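Below is the file target_1.tsv, which contains TSV, C-alpha atoms.
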```tsv
chain	number	residue	atom	x	y	z
A	1	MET	CA	45.87	-83.03	-56.31
A	2	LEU	CA	46.53	-86.58	-55.22
A	3	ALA	CA	46.20	-88.79	-52.14
A	4	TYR	CA	49.20	-90.74	-50.98
A	5	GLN	CA	50.37	-93.19	-48.33
A	6	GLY	CA	53.80	-94.47	-47.20
A	7	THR	CA	56.85	-93.67	-45.10
A	8	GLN	CA	59.20	-93.43	-48.14
A	9	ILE	CA	57.68	-90.16	-49.59
A	10	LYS	CA	58.63	-86.77	-48.12
A	11	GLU	CA	56.43	-83.71	-47.74
A	12	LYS	CA	57.52	-81.20	-50.36
A	13	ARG	CA	57.81	-77.40	-50.55
A	14	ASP	CA	55.43	-75.50	-52.83
A	15	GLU	CA	58.20	-74.47	-55.19
A	16	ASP	CA	59.38	-78.01	-55.89
A	17	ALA	CA	57.90	-79.89	-58.84
A	18	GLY	CA	57.88	-83.25	-57.16
A	19	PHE	CA	57.85	-85.23	-53.90
A	20	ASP	CA	61.17	-86.87	-52.88
A	21	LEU	CA	61.18	-90.68	-52.51
A	22	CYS	CA	63.65	-92.27	-50.03
A	23	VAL	CA	65.70	-95.54	-50.27
A	24	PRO	CA	64.31	-98.34	-48.01
A	25	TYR	CA	67.70	-99.89	-46.98
A	26	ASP	CA	71.35	-99.59	-47.99
A	27	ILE	CA	71.84	-100.81	-51.62
A	28	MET	CA	74.89	-100.88	-53.91
A	29	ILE	CA	74.48	-100.58	-57.67
A	30	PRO	CA	77.65	-101.52	-59.57
A	31	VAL	CA	78.27	-99.96	-63.00
A	32	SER	CA	75.99	-101.35	-65.73
A	33	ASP	CA	73.62	-103.07	-63.24
A	34	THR	CA	69.93	-102.46	-62.79
A	35	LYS	CA	68.15	-102.82	-59.49
A	36	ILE	CA	64.44	-102.44	-58.72
A	37	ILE	CA	64.10	-100.46	-55.52
A	38	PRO	CA	60.86	-101.05	-53.65
A	39	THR	CA	58.87	-98.45	-51.80
A	40	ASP	CA	55.80	-98.53	-49.65
A	41	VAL	CA	54.36	-95.53	-51.46
A	42	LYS	CA	50.86	-95.79	-52.92
A	43	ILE	CA	49.05	-92.86	-54.64
A	44	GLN	CA	45.57	-92.13	-55.96
A	45	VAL	CA	45.31	-89.50	-58.67
A	46	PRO	CA	42.27	-87.89	-60.24
A	47	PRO	CA	40.91	-88.74	-63.68
A	48	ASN	CA	43.24	-88.03	-66.58
A	49	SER	CA	46.31	-87.61	-64.39
A	50	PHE	CA	49.31	-89.86	-63.83
A	51	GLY	CA	52.43	-90.01	-61.61
A	52	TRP	CA	55.89	-89.71	-63.17
A	53	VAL	CA	58.86	-91.02	-61.16
A	54	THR	CA	61.98	-89.37	-62.40
A	55	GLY	CA	65.41	-88.29	-61.34
A	56	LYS	CA	66.96	-85.77	-59.00
A	57	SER	CA	70.00	-83.84	-60.40
A	58	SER	CA	72.27	-84.88	-57.54
A	59	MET	CA	71.84	-88.60	-58.38
A	60	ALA	CA	71.82	-88.13	-62.20
A	61	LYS	CA	75.27	-86.51	-61.93
A	62	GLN	CA	76.48	-89.77	-60.38
A	63	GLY	CA	75.02	-91.95	-63.17
A	64	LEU	CA	71.71	-93.04	-61.53
A	65	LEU	CA	69.14	-93.43	-64.33
A	66	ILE	CA	65.44	-94.06	-63.51
A	67	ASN	CA	63.59	-95.85	-66.30
A	68	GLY	CA	59.88	-96.67	-66.71
A	69	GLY	CA	58.29	-94.49	-63.97
A	70	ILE	CA	54.87	-93.83	-65.52
A	71	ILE	CA	52.30	-94.58	-62.78
A	72	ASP	CA	48.84	-94.81	-64.42
A	73	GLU	CA	45.69	-93.60	-62.68
A	74	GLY	CA	44.60	-97.25	-62.52
A	75	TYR	CA	47.68	-98.45	-60.68
A	76	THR	CA	46.79	-99.24	-57.10
A	77	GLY	CA	49.96	-101.00	-55.85
A	78	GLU	CA	53.18	-99.86	-54.19
A	79	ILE	CA	55.60	-97.90	-56.39
A	80	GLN	CA	58.74	-99.70	-57.44
A	81	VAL	CA	61.56	-97.72	-59.01
A	82	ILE	CA	63.76	-99.19	-61.76
A	83	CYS	CA	67.30	-97.79	-61.53
A	84	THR	CA	70.38	-98.47	-63.70
A	85	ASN	CA	73.90	-97.17	-63.06
A	86	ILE	CA	75.18	-95.58	-66.28
A	87	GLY	CA	78.06	-93.84	-64.34
A	88	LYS	CA	81.71	-94.89	-64.10
A	89	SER	CA	81.86	-96.15	-60.53
A	90	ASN	CA	79.59	-97.98	-58.05
A	91	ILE	CA	76.67	-96.10	-56.54
A	92	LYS	CA	75.94	-96.57	-52.87
A	93	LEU	CA	72.47	-95.60	-51.70
A	94	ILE	CA	72.02	-95.39	-47.95
A	95	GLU	CA	68.77	-96.02	-46.09
A	96	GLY	CA	66.63	-92.87	-46.06
A	97	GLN	CA	68.56	-91.01	-48.78
A	98	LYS	CA	66.38	-89.11	-51.37
A	99	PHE	CA	66.94	-90.95	-54.68
A	100	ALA	CA	64.04	-90.08	-56.98
A	101	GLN	CA	61.09	-87.76	-57.18
A	102	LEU	CA	57.38	-88.13	-58.03
A	103	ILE	CA	55.71	-85.41	-60.09
A	104	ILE	CA	51.92	-85.50	-60.75
A	105	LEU	CA	50.82	-84.42	-64.28
A	106	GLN	CA	47.57	-84.29	-66.26
A	107	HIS	CA	47.52	-86.01	-69.68
A	108	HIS	CA	45.16	-85.36	-72.62
A	109	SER	CA	45.41	-88.91	-74.03
A	110	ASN	CA	41.63	-89.34	-74.55
A	111	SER	CA	38.96	-87.82	-76.79
A	112	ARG	CA	39.95	-88.90	-80.29
A	113	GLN	CA	38.97	-86.44	-83.09
A	114	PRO	CA	38.76	-86.97	-86.85
A	115	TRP	CA	41.96	-86.50	-88.89
A	116	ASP	CA	42.30	-83.08	-90.57
A	117	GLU	CA	43.33	-83.78	-94.13
A	118	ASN	CA	44.13	-80.08	-94.79
A	119	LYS	CA	46.72	-79.77	-92.09
A	120	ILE	CA	49.92	-78.42	-93.55
B	1	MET	CA	54.40	-68.59	-69.84
B	2	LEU	CA	57.90	-68.07	-68.51
B	3	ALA	CA	60.62	-65.42	-68.42
B	4	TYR	CA	64.09	-66.32	-69.54
B	5	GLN	CA	67.59	-64.93	-69.98
B	6	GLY	CA	70.75	-66.15	-71.76
B	7	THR	CA	72.49	-66.41	-75.13
B	8	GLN	CA	72.33	-70.26	-75.20
B	9	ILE	CA	68.48	-70.51	-75.65
B	10	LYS	CA	66.90	-70.00	-79.10
B	11	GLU	CA	63.57	-68.41	-79.91
B	12	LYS	CA	61.18	-71.19	-80.88
B	13	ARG	CA	58.32	-71.59	-83.37
B	14	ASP	CA	54.78	-71.93	-82.04
B	15	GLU	CA	54.48	-75.52	-83.19
B	16	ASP	CA	57.55	-76.73	-81.32
B	17	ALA	CA	57.11	-78.09	-77.79
B	18	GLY	CA	60.35	-76.70	-76.47
B	19	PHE	CA	63.11	-74.09	-76.79
B	20	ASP	CA	66.44	-75.32	-78.23
B	21	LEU	CA	69.54	-74.96	-75.99
B	22	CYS	CA	72.97	-74.52	-77.67
B	23	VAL	CA	76.44	-75.91	-76.70
B	24	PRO	CA	78.76	-73.23	-75.20
B	25	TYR	CA	82.07	-74.50	-76.74
B	26	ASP	CA	83.31	-77.56	-78.62
B	27	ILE	CA	83.10	-80.69	-76.37
B	28	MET	CA	83.83	-84.38	-77.03
B	29	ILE	CA	81.95	-87.07	-75.14
B	30	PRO	CA	83.56	-90.51	-75.51
B	31	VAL	CA	81.35	-93.61	-75.19
B	32	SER	CA	80.22	-94.31	-71.62
B	33	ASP	CA	81.30	-90.86	-70.32
B	34	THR	CA	79.13	-88.23	-68.72
B	35	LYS	CA	79.77	-84.53	-69.04
B	36	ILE	CA	77.89	-81.63	-67.44
B	37	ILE	CA	77.41	-78.95	-70.05
B	38	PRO	CA	76.94	-75.46	-68.66
B	39	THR	CA	74.63	-72.83	-70.02
B	40	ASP	CA	73.97	-69.23	-69.18
B	41	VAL	CA	70.22	-69.82	-69.34
B	42	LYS	CA	68.08	-68.78	-66.37
B	43	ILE	CA	64.25	-69.07	-66.32
B	44	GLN	CA	61.42	-67.96	-64.05
B	45	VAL	CA	58.21	-69.97	-64.24
B	46	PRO	CA	54.83	-69.35	-62.67
B	47	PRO	CA	53.48	-71.18	-59.65
B	48	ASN	CA	53.00	-74.91	-60.08
B	49	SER	CA	55.07	-75.10	-63.24
B	50	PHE	CA	58.55	-76.49	-63.89
B	51	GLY	CA	61.10	-76.68	-66.74
B	52	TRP	CA	62.02	-80.05	-68.24
B	53	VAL	CA	65.31	-80.29	-70.16
B	54	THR	CA	65.14	-83.24	-72.47
B	55	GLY	CA	66.46	-84.55	-75.73
B	56	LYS	CA	66.19	-83.73	-79.40
B	57	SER	CA	65.71	-86.75	-81.75
B	58	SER	CA	68.76	-85.90	-83.86
B	59	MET	CA	71.09	-86.22	-80.83
B	60	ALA	CA	69.26	-89.20	-79.24
B	61	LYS	CA	69.86	-91.17	-82.46
B	62	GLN	CA	73.58	-90.64	-81.88
B	63	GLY	CA	73.45	-91.89	-78.26
B	64	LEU	CA	73.25	-88.53	-76.38
B	65	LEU	CA	71.17	-89.12	-73.23
B	66	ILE	CA	70.10	-86.16	-71.03
B	67	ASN	CA	69.46	-87.17	-67.41
B	68	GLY	CA	68.07	-85.18	-64.47
B	69	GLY	CA	66.63	-82.09	-66.24
B	70	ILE	CA	63.78	-81.19	-63.86
B	71	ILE	CA	64.11	-77.43	-63.19
B	72	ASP	CA	61.90	-76.57	-60.17
B	73	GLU	CA	60.04	-73.27	-59.90
B	74	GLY	CA	62.36	-72.40	-57.01
B	75	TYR	CA	65.55	-72.85	-58.99
B	76	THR	CA	67.09	-69.47	-59.70
B	77	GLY	CA	70.53	-70.42	-61.09
B	78	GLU	CA	71.92	-71.14	-64.56
B	79	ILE	CA	70.80	-74.41	-66.17
B	80	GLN	CA	73.38	-77.14	-66.39
B	81	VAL	CA	72.67	-80.16	-68.58
B	82	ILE	CA	73.87	-83.65	-67.61
B	83	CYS	CA	74.67	-85.70	-70.73
B	84	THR	CA	75.93	-89.29	-71.08
B	85	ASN	CA	76.96	-91.01	-74.32
B	86	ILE	CA	75.15	-94.35	-74.53
B	87	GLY	CA	76.00	-94.65	-78.31
B	88	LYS	CA	78.76	-96.70	-79.94
B	89	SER	CA	81.17	-93.98	-80.97
B	90	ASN	CA	82.39	-90.59	-79.66
B	91	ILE	CA	80.03	-87.63	-79.85
B	92	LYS	CA	81.43	-84.29	-80.91
B	93	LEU	CA	79.37	-81.24	-80.02
B	94	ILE	CA	80.42	-78.03	-81.71
B	95	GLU	CA	79.97	-74.53	-80.28
B	96	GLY	CA	76.46	-73.24	-81.01
B	97	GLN	CA	74.96	-76.61	-82.02
B	98	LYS	CA	71.40	-77.32	-80.65
B	99	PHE	CA	71.83	-80.23	-78.21
B	100	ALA	CA	68.81	-80.26	-75.90
B	101	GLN	CA	65.44	-78.62	-75.52
B	102	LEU	CA	63.52	-76.98	-72.64
B	103	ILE	CA	59.79	-77.61	-72.36
B	104	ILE	CA	57.69	-75.77	-69.72
B	105	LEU	CA	54.94	-77.88	-68.02
B	106	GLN	CA	52.43	-77.42	-65.19
B	107	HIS	CA	52.43	-80.03	-62.40
B	108	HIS	CA	49.60	-80.90	-59.97
B	109	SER	CA	51.93	-82.08	-57.17
B	110	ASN	CA	50.15	-80.14	-54.39
B	111	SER	CA	46.76	-80.27	-52.65
B	112	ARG	CA	46.76	-83.61	-50.85
B	113	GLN	CA	43.29	-85.24	-50.46
B	114	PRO	CA	42.15	-88.05	-48.16
B	115	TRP	CA	42.63	-91.64	-49.38
B	116	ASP	CA	39.52	-93.23	-50.94
B	117	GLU	CA	39.22	-96.65	-49.37
B	118	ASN	CA	36.51	-97.73	-51.87
B	119	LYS	CA	38.62	-97.23	-54.94
B	120	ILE	CA	38.64	-100.39	-57.00
C	1	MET	CA	42.41	-84.76	-77.51
C	2	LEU	CA	44.29	-85.90	-80.58
C	3	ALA	CA	43.65	-87.56	-83.93
C	4	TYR	CA	45.69	-90.57	-84.89
C	5	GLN	CA	46.22	-93.12	-87.66
C	6	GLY	CA	48.08	-96.45	-87.89
C	7	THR	CA	47.87	-100.17	-87.13
C	8	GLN	CA	50.73	-100.05	-84.55
C	9	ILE	CA	48.80	-98.01	-81.87
C	10	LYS	CA	46.29	-99.74	-79.56
C	11	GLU	CA	43.06	-98.34	-78.18
C	12	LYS	CA	43.62	-97.57	-74.52
C	13	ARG	CA	41.53	-97.74	-71.34
C	14	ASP	CA	40.51	-94.50	-69.65
C	15	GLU	CA	42.69	-95.15	-66.63
C	16	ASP	CA	45.89	-95.56	-68.61
C	17	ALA	CA	48.08	-92.50	-69.21
C	18	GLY	CA	49.14	-93.49	-72.67
C	19	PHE	CA	48.40	-95.50	-75.83
C	20	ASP	CA	50.50	-98.68	-76.34
C	21	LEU	CA	52.65	-98.86	-79.51
C	22	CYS	CA	53.40	-102.30	-81.02
C	23	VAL	CA	56.61	-103.67	-82.68
C	24	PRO	CA	56.29	-103.98	-86.51
C	25	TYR	CA	58.36	-107.22	-86.93
C	26	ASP	CA	60.63	-109.41	-84.81
C	27	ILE	CA	63.80	-107.45	-83.80
C	28	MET	CA	66.77	-108.36	-81.56
C	29	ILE	CA	68.62	-105.66	-79.66
C	30	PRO	CA	71.95	-106.88	-78.25
C	31	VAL	CA	73.35	-105.21	-75.12
C	32	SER	CA	74.68	-101.69	-75.74
C	33	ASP	CA	73.06	-101.41	-79.21
C	34	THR	CA	70.54	-98.85	-80.37
C	35	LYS	CA	67.89	-99.57	-82.95
C	36	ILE	CA	65.31	-97.21	-84.45
C	37	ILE	CA	61.99	-99.01	-84.59
C	38	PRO	CA	59.60	-97.69	-87.20
C	39	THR	CA	55.87	-97.37	-86.83
C	40	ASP	CA	53.08	-96.37	-89.12
C	41	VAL	CA	51.57	-94.16	-86.43
C	42	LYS	CA	50.82	-90.52	-87.26
C	43	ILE	CA	49.12	-88.10	-84.82
C	44	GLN	CA	47.70	-84.58	-84.93
C	45	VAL	CA	47.55	-82.71	-81.64
C	46	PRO	CA	45.95	-79.39	-80.78
C	47	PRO	CA	47.84	-76.15	-80.29
C	48	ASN	CA	50.32	-76.12	-77.42
C	49	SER	CA	50.30	-79.88	-76.99
C	50	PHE	CA	52.89	-82.52	-77.88
C	51	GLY	CA	53.24	-86.33	-77.89
C	52	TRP	CA	55.74	-88.02	-75.56
C	53	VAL	CA	56.85	-91.56	-76.44
C	54	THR	CA	58.16	-93.21	-73.34
C	55	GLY	CA	58.59	-96.55	-71.70
C	56	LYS	CA	56.42	-99.29	-70.27
C	57	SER	CA	57.60	-100.77	-66.91
C	58	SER	CA	57.68	-104.33	-68.25
C	59	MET	CA	60.27	-103.39	-70.92
C	60	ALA	CA	62.26	-100.96	-68.71
C	61	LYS	CA	62.85	-103.82	-66.24
C	62	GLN	CA	64.55	-105.68	-69.09
C	63	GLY	CA	66.84	-102.74	-69.99
C	64	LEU	CA	64.86	-101.21	-72.92
C	65	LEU	CA	65.46	-97.43	-72.84
C	66	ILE	CA	63.48	-95.10	-75.15
C	67	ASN	CA	65.32	-91.85	-75.90
C	68	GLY	CA	64.20	-88.71	-77.76
C	69	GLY	CA	60.41	-89.27	-78.00
C	70	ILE	CA	59.18	-85.65	-78.03
C	71	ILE	CA	56.70	-85.40	-80.94
C	72	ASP	CA	56.07	-81.68	-81.65
C	73	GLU	CA	52.69	-80.38	-82.76
C	74	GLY	CA	54.30	-79.57	-86.11
C	75	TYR	CA	55.51	-83.09	-86.77
C	76	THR	CA	53.40	-84.67	-89.48
C	77	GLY	CA	55.35	-87.87	-90.26
C	78	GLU	CA	55.29	-91.44	-88.94
C	79	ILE	CA	56.62	-91.95	-85.41
C	80	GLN	CA	59.95	-93.67	-85.11
C	81	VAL	CA	61.09	-94.89	-81.70
C	82	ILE	CA	64.77	-94.80	-80.67
C	83	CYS	CA	65.56	-97.71	-78.33
C	84	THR	CA	68.83	-98.70	-76.62
C	85	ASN	CA	69.44	-101.85	-74.57
C	86	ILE	CA	71.03	-100.83	-71.26
C	87	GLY	CA	70.24	-104.31	-69.74
C	88	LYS	CA	72.60	-107.26	-69.29
C	89	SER	CA	71.33	-109.62	-71.95
C	90	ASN	CA	69.83	-109.41	-75.47
C	91	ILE	CA	66.28	-108.15	-75.85
C	92	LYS	CA	64.00	-109.91	-78.29
C	93	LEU	CA	60.95	-107.99	-79.43
C	94	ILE	CA	58.34	-110.03	-81.27
C	95	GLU	CA	55.97	-108.69	-83.93
C	96	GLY	CA	52.91	-107.11	-82.29
C	97	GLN	CA	54.36	-106.91	-78.76
C	98	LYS	CA	53.63	-103.62	-76.84
C	99	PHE	CA	57.03	-101.92	-76.45
C	100	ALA	CA	56.40	-98.23	-75.75
C	101	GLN	CA	53.58	-95.87	-74.97
C	102	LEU	CA	52.43	-92.46	-76.26
C	103	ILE	CA	51.14	-89.91	-73.77
C	104	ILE	CA	49.67	-86.57	-74.97
C	105	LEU	CA	50.55	-83.49	-72.81
C	106	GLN	CA	50.00	-79.72	-72.99
C	107	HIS	CA	53.09	-77.49	-72.69
C	108	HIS	CA	53.25	-73.81	-71.64
C	109	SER	CA	56.42	-73.04	-73.65
C	110	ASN	CA	55.08	-69.79	-75.17
C	111	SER	CA	54.12	-66.32	-73.91
C	112	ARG	CA	57.39	-64.84	-72.67
C	113	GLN	CA	57.05	-62.36	-69.75
C	114	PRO	CA	59.51	-59.80	-68.40
C	115	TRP	CA	62.07	-60.98	-65.82
C	116	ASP	CA	61.12	-60.24	-62.19
C	117	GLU	CA	64.21	-58.76	-60.59
C	118	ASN	CA	62.71	-59.03	-57.07
C	119	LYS	CA	62.22	-62.75	-57.15
C	120	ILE	CA	63.88	-64.32	-54.15
```

File written out as structure tokens:
Amino acid sequence: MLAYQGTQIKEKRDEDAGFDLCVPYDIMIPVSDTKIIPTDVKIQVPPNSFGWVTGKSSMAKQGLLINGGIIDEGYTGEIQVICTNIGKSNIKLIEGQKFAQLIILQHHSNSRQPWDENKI
Amino acid sequence: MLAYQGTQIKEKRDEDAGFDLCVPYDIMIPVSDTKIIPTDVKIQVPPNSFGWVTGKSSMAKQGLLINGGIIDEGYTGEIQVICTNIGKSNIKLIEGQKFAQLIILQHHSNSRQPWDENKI
Amino acid sequence: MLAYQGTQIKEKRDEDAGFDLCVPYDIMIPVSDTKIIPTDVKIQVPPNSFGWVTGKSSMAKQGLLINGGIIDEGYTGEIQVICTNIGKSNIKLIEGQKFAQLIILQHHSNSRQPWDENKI
């Protein structure tokens, strides 16, 4: 469960893990460069959930690496996706191509308990 | 909960997060190269779950990076693992070595709700 | 839910996904190098959960990549964080800077079921 806005996020099928995000305009990424690709996507997630922007296999096989895509529950702005080319030739992304995906997960990073000294 | 087939996936202990995957044959990965390592592993996961192929610390400390390992619930083929060497010397993987692990997670990427305009 | 010890993990807000980890001493990471940054952080998680050490957007935009941060439920030692610089200039981490984050997730990598031959 989430709410979302934007033209650069596609409806997904039920048996996909994530929503596809689409490139806003043509962009070239030469080898070893990093580019920050903007989107107009905004999401709202429920308590103790977070968005994870990660890669699609078709663009990972060309060397596209997404880094830093943890979208906290408190993040209210537009998603920006940090991409580096770790491949061996330039990557050309065309406007409207699917380049990343957004998966919504619950975390359990809350509710600290006392240390069990007998563990192990 | 999952079902799985294949000779390149090991039984795991209960206190590991993931199943180990094993290299099919000896392979060298020179620095800056990417190789796609095939497996004979197939999985079936329940609704709203997905497989994540990710790295083991022992091979990340040598520069092995896995990229693009999201295995949707709809994916019925054999897993292939995309690996790049971001280390500073060649990586030699021997047949039957544990090189990656598969972790099964539930997503919540479904059930869209209306946007809350009062948030924040 | 987890238990944790250490001076290099910060309390978090409820609407963050993860806890921030802090650098132990000043460290330089030249481009293409990998360094293993030690922490004094130890965690205990409940059954079928695991820690994931991953990146913060502010350090991914400079080229800091974290690799191999799956912390099993059986892992009782101090966390060490494997970092590579895939950026285009040196990265300087100062003592006490927030450089990574720890997110606690549940996995479902247990309970094998029979293969459904009719799937698809």

**Message:** Taking all atoms listed in the file into account and nothing else, which residues of chain B lie no more than 6 Å away from chain A? Please answer as a VMD selection string.
**Reply:** chain B and resid 67 to 68 72 to 74 107 to 115

**Length of the CA of residue 120 (chain C) to CA of residue 39 (chain B) vector [Å]** =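 Going from CA of residue 120 (chain C) over to CA of residue 39 (chain B), I get 21.0 Å.
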
**Prompt:** What does the distance from CA of residue 96 (chain B) to CA of residue 84 (chain B) come to in Å, to one decimal?
**Reply:**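 Interatomic distance, CA of residue 96 (chain B) to CA of residue 84 (chain B): 18.9 Å.
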
Enclose the full set of atoms of region 86-99 of chain C listed in the file within a box whose edges lie along x, y and z, apply 5 Å of padding to each of the six sides, and report centre and edge lengths in Å to one decimal as lines of an AutoDock Vina configuration file.
```
center_x = 62.8
center_y = -105.4
center_z = -76.6
size_x = 29.7
size_y = 19.2
size_z = 24.6
```

**Item:** Using only C-alpha atoms: which of C:7, C:34, C:48, C:118 has the shortest distance to residue 22 (chain C)
**Value:**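 Ranking C:7, C:34, C:48, C:118 by distance to residue 22 (chain C), first place goes to C:7.
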